[PDB]
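[1] Sequence first, structure after, both from an experimental entry:
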Amino acid sequence: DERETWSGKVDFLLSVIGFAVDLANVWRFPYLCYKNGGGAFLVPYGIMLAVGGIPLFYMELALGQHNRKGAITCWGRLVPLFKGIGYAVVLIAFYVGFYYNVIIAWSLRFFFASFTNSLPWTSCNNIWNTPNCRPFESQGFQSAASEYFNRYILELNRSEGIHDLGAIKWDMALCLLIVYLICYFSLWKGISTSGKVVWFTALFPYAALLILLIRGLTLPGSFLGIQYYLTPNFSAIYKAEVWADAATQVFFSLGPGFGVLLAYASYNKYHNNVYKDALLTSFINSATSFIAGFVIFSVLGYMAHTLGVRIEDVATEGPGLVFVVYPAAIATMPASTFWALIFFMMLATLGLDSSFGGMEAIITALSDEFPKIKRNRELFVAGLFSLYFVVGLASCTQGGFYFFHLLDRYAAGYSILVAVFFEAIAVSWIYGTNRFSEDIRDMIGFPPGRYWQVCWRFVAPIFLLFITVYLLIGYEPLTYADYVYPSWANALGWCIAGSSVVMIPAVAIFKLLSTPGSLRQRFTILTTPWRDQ
Amino acid sequence: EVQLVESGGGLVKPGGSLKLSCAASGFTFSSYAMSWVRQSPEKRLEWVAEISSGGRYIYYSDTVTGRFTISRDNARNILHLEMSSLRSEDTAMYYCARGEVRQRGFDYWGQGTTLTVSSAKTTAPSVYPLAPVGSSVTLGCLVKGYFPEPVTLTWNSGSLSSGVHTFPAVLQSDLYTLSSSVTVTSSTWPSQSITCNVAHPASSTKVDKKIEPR
Amino acid sequence: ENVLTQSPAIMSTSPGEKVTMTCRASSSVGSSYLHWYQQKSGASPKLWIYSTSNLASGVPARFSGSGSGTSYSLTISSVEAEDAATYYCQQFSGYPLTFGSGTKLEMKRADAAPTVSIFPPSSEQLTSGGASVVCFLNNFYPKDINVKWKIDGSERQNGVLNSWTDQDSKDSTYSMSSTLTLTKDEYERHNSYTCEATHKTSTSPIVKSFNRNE
Ligand SMILES: CC(C)CCC[C@@H](C)[C@H]1CC[C@H]2[C@@H]3CC=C4C[C@@H](O)CC[C@]4(C)[C@H]3CC[C@]12C
Ligand SMILES: CC(C)CCC[C@@H](C)[C@H]1CC[C@H]2[C@@H]3CC=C4C[C@@H](O)CC[C@]4(C)[C@H]3CC[C@]12C
Ligand SMILES: COC(=O)[C@H]1[C@@H](c2ccc(F)cc2)C[C@@H]2CC[C@H]1N2C
Ligand SMILES: [Cl-]
Ligand code: NA
Ligand code: NA
């Protein structure tokens, strides 16, 4: 009956804080505030967070602390018919590990390359440069920080597509190995250590954000970047695309449906106030994004003033923001080597605690389903990370970015949405809100308010569908720069995107032919919760 | 709006079994965790059993567990409590409460039903008129040797409300002895016919005892 | 169990005074899990103060709550007569749930001497073979009084039944009924009957005697 528990309350919180906080809080968010009406964007963001995000963030956490088991077993016990939810969710977190950990590797490679008196990405007279190189971003040209990250670090120029991955960057394979070594000795003996490793990975970014906020705000032209960041424009409120961007970002920044919030909370005490944990964590997540926004744009404004570069050419999203745009600015300011070291170290610690939970979601949900590998945690996570590293060598290739970009757009993008959708429908309609409220009451003390109950069954499916429907609208064949992916790569992507949620009906169908009885007397069996004995 | 009524209850011999019920009204019953709380004759409160809004989580006290069985019927809005192997300690006024929110406690309490677990047998009371061997004359009404509680004593069919003192029953030799005094003017009686009435339901004994001088 | 102890058990107080009842737990109790209940006589309890300090609905602002860990206290700023009841504290921290022993509020009054009335055994009781001499003691304060049975100048101290009443809600006095129960024979070998009330209101007892030869 007894499983292990967090060796301290903060361990759990820092684990959930650490997972939820991501580089997406750095480059997805401050960009969205920029393009969708400044401070006015906080209104659809705030509302979508209140009625959509936090309710879902709460739900999975509550399920974790209640059913006390991983993603596969929790949904198997909740609703036997939709046990496939547990399966679809876990291997989603398995696919992500194939491309997400290469971001941390990039951050380490830059950290190792920052040990110098003159940063290598400042000049345009290097071995890797082209005549189209300029000291900073410009319309029609390339920058020094861009060609460094592209032609030297990635050597992406030597690739003609995903069909041609080229050679293997062993300086990159080393960094990837280093990452998996760190993720290894952190999750190897479980929450006893992983609940302590997060004390660094989830706290250091805030330390770095502090001294980057100070450095960023002392720069000349820092206040100008703040204006670009938060100058109100309530015309965006009328735009549904803004409400979509607000809804999307809110949902993807809290990250339910990875079975990690489910896994993490499953190590909590049964009578732990999980309601306070959900509200606290979700806020800090959104608050972290807000803080990071100042850090970026104070530096971004500094470039648009004392370096003479258009704000349109620096207000960038994606990895380009912190691998090209931001380091270029650091290179100009005094004590550049210092800011460069702590910035890339921040980026590394921003992904580790997220990767921890992503991997932990796998290990935990598998240990509760198959008792054999629970006694074999070390030997299992050995082969798992070895598989990650082996396949991860494809990410360390010259055309490794093309493989990374394919998985990024397919593996987690759509697979999550229709998985979390079935999560909300199962709990609120199949399982039912009235007995879910009964569980939470028995745990923390009080049944959820009418607000959370309405949000869980009416607002949540609409919210998720509203996001899913617009992501369908803005779809266009996978493209990066000039390179258009061949339609077999897109087909390959949809397979990886489909191999997840294909578990929902498949397991439902397979677990429907058993056990014996009429059609009506089997839906009853497969909707009967495990705790009716 | 919110109203809780407790039925069942009565006299049960040791080892026996009785089912108490609670009829709810004025709220969505399937949204409030009910709970039984009993009160010993020395006016001491003691929690017995809690049942969830869906009746999936059950909590008992250790002095009670193994014997009692709290039950719920959210369809007809009724709360049950089935008792077995009763002992004399279980003698109390059992209340019906709805403590759905823990950090608040029981917000509404029912009227309460009385359970007496004794081996003693029901006997009828003997009512004795008490008459004086003065500004105001005081006479009495002795009700001796009945079981179990309770009884209903009033004066002149309850026309009088004060000047009257009804003393509580005191158990002795498995029998209760109750008394009551009424004070009137020296004019009023004996010119009036003041009478003591006593009503003991358990034994079907209804008496009136008009009091006379010398 | 998490036994709650309240002090003090009976508390006397004249209207206007400030009173403080305490509630200490054997184990540490969450602050938002301790609640208070008021139970007036002959009525079911009511939620009075939930979550330590938060007053319930309908509770006047004269009430307050304070405390933490293993020490809590309810406090009435200015006591009114309608606050005369018994107050139970209750911890919700863990199961099984436990109530405090409870504290009892009783108003203060200018001390009054009892109106003692003595009664001969009814002729009907003498027919059955018994003889109960009843002695009523009405309207005194404070509650503690001591009755004294004497027959023919000799102190008889066995076979009597005492019964006090609850504090009156109008004049705040008490009343007691002593019932010397005798067999008819023992009733007749003996000449006289006397009940004496030794109260603090008087230096010497209030005596009441009657005889059959008159
Ligand atoms: C912009 C950054 C700095 C802060 C983000 C604002 C967020 C954290 C705020 C704004 C509006 C807030 C919500 C307003 C409404 C409620 C109802 C309440 O019963 C639960 C909390 C909840 C859901 C709040 C949660 C926190 C909330 C979502
Ligand atoms: C603008 C930046 C620099 C502010 C830095 C924010 C830091 C200091 C804040 C944000 C989140 C906070 C943590 C949130 C979670 C907990 C759990 C709580 O039980 C102990 C405090 C602790 C551990 C907090 C410590 C302080 C904290 C780390
Ligand atoms: C690609 O998807 C993600 O990165 C999600 C999350 C995460 C989930 C799984 C994983 F293996 C690594 C990270 C990290 C943070 C929280 C949810 C969402 N991210 C914004
Ligand atoms: Cl965010
Ligand atoms: Na995030
Ligand atoms: Na992270």
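    Okay, I see it. Residues are numbered from 1 along each chain as shown, chains lettered A, B, ... in the order given. Ligands and ions are numbered 1, 2, ... in the order given.

[2] can I assume residue A:403 is in contact with residue A:161?
    No. Under the criterion of CB atoms under 8 Å, residue A:403 is not in contact with residue A:161, lying 10.4 Å apart. Every C-beta, even on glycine, is put in place using the N, C-alpha and C of the backbone.

[3] between the two, which one's more packed in?
    Counted by other CB atoms under 10 Å in any protein chain shown, residue A:403 and residue A:161 do not tie: residue A:403 has more neighbours, with 22 against 14.

[4] Enumerate every residue touching that one.
    A:99, A:162, A:165, A:394, A:395, A:397 (CB atoms under 8 Å, 6 or more residues apart in numbering or on different chains).

[5] give me every residue that touches residue 168.
    Unless you meant another one, I'm taking chain A. Contact partners of residue A:168, counting by CB under 8 Å, 6+ apart, are A:393, A:396, A:397, A:398.

[6] Can you look at chain C instead?
    Counting by CB under 8 Å, 6+ apart, residue C:168 has contacts C:139, C:174, C:175.

[7] Most widely separated two among the contacts of residue A:403?
    Of all pairs drawn from the contacts of residue A:403, the greatest distance, 13.7 Å, lies between A:99 and A:165 (CB to CB).

[8] Between these two, tell me which one has more neighbours.
    Per other CB under 10 Å, whichever of residue A:99 and residue A:165 has more neighbours is residue A:99, with 23 against 20.

[9] Just give the closest residue to that one, not the sequence neighbours.
    Distance criterion CB to CB, 6 or more residues apart in numbering or on different chains; nearest residue to residue A:99, sequence neighbours excluded, is residue A:407 at 3.9 Å.

[10] Output the helix or strand the one you found falls within as CSV, nothing but the C-alphas.
    If you go by DSSP states H and E, residue A:407 is part of helix A:400-410. The C-alpha trace of helix A:400-410 is given here as CSV (Å, rounded to 0.1, in the frame of the first residue of the first chain):
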residue,chain,number,x,y,z
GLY,A,400,20.5,17.9,-36.7
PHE,A,401,18.3,21.0,-36.5
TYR,A,402,16.1,19.7,-39.3
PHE,A,403,15.4,16.5,-37.2
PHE,A,404,14.8,18.6,-34.1
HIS,A,405,12.4,21.0,-35.9
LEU,A,406,10.4,18.0,-37.3
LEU,A,407,9.8,16.5,-33.8
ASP,A,408,9.1,19.9,-32.3
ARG,A,409,6.2,20.5,-34.6
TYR,A,410,4.6,17.1,-34.5
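
[11] Figure out how far it is from the centre of its chain.
    A distance of 15 Å separates the centroid of the chain from that of helix A:400-410, by CA atoms, centre = their mean, to the nearest Å.

[12] Give me the contacts around the next helix or strand after it.
    Going down the chain from helix A:400-410, the next helix or strand is helix A:413-425, by DSSP H and E. Helix A:413-425 is contacted from outside by A:56, A:59-60, A:75, A:82, A:85, A:88-89, A:92, A:95, A:251-252, A:256-258, A:456-457, A:460-461, A:464-465, A:467-468, A:471, A:497-498, A:500-501, A:504, using CB under 8 Å, 6+ apart.

[13] For residue C:27, give me its contacts.
    Here residue C:27 is in contact with C:2, C:70, C:93 (CB under 8 Å, 6+ apart).

[14] brain fart, residue B:6
    By CB under 8 Å, 6+ apart, the contact set of residue B:6 is B:20, B:21, B:22, B:94, B:95, B:96, B:110, B:111, B:112, B:113.

[15] rerun that using 7 Å as the cut-off
    By CB atoms under 7 Å, 6 or more residues apart in numbering or on different chains, the residues touching residue B:6 are B:20, B:22, B:94, B:95, B:96, B:110, B:111, B:112, B:113.

[16] any idea how far the closest residue to ligand 2 within chain C is from residue A:367?
    The minimum distance from chain C to ligand 2, using CB to the nearest ligand atom, falls at residue C:30 (16.5 Å). For residue C:30, the distance to residue A:367 equals 33 Å [CB to CB, to the nearest Å].

[17] Of the two, which one has the most company?
    Comparing residue C:30 with residue A:367 by neighbour count (other CB under 10 Å), the higher total belongs to residue A:367, at 23 against 17.

[18] Enumerate the residues of the stretch 201-350 of chain A near ligand 4.
    With CB under 5 Å from the ion as the criterion, the stretch 201-350 of chain A comes near ligand 4 at residues A:253, A:286, A:289.

[19] can you list those residues in TSV and add distance to residue A:321 and secondary structure?
    Formatted as TSV, these follow (distance: CB to CB, whole Å; DSSP: H, G, I helix; E, B strand; the rest coil):
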residue	distance to residue A:321	secondary structure
A:253	16	helix
A:286	19	helix
A:289	13	helix
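
[20] want to throw those into a markdown table with distance to ligand 2 and neighbour count?
    Formatted as a markdown table, those follow (distance: CB to the nearest ligand atom, whole Å; neighbours: other CB atoms under 10 Å in any protein chain shown):
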| residue | distance to ligand 2 | neighbour count |
| --- | --- | --- |
| A:253 | 16 | 23 |
| A:286 | 12 | 23 |
| A:289 | 12 | 22 |
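
[21] closest to residue A:135 among the residues you listed?
    Using CB to CB, these come closest to residue A:135 at residue A:289, 30.3 Å.

[22] Using the three-state scheme, assign the closest residue to chain B within the stretch 301-450 of chain A.
    Closest to chain B within the stretch 301-450 of chain A is residue A:445: 4.0 Å, counting by CB to the nearest CB. Using DSSP: H, G, I helix; E, B strand; the rest coil, the structure places residue A:445 in coil.

[23] who touches the residue lying farthest from the centre of chain B in this structure?
    Relative to the centre of chain B, and counting by CA atoms, centre = their mean, the farthest-placed residue is residue B:134 at 38.3 Å. Counting by CB under 7 Å, 6+ apart, residue B:134 touches residue B:186.

[24] hang on, it in a strand?
    No. Checked against three-state DSSP, residue B:134 lies outside a strand; its state is coil.

[25] any idea how far it is from residue B:107?
    Counting by CB to CB, the gap from residue B:134 to residue B:107 is 53 Å.

[26] If you drop the residues flanking it in sequence, what lies closest to residue A:367?
    residue A:374 (4.0 Å).

[27] Against residue A:248, how distant is the one you found?
    Residue A:374 is 37 Å from residue A:248, by CB to CB.

[28] Pull up the residues of chain A that are close to ligand 1.
    Residues of chain A found near ligand 1 (CB under 6 Å from any ligand atom) are A:42, A:46, A:49, A:50, A:54, A:283, A:286, A:287, A:290, A:449, A:451.

[29] Make a ChimeraX selection of the buried ones in those residues.
    In ChimeraX syntax, the buried subset of the residues of chain A next to ligand 1 is picked out as below (16 or more other CB atoms under 10 Å in any protein chain shown):
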select /A:42,49,54,286,290
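
[30] now for the residues of chain A next to ligand 1, which pair is the farthest apart?
    Greatest spacing in the residues of chain A next to ligand 1, by CB to CB: A:290 and A:449 (26.1 Å).

[31] Return the nearest residue of chain C with respect to ligand 3.
    For chain C, CB to the nearest ligand atom, closest residue to ligand 3: residue C:32, 32.3 Å.

[32] Could you pull up the residues touching residue 81?
    With no chain named, the answer covers chain A. Applying CB under 7 Å, 6+ apart, we find residue A:81 in contact with A:508, A:511, A:512, A:526, A:527.

[33] Chain C was what I was after
    Applying CB under 7 Å, 6+ apart, the residues near residue C:81 are C:15, C:107.
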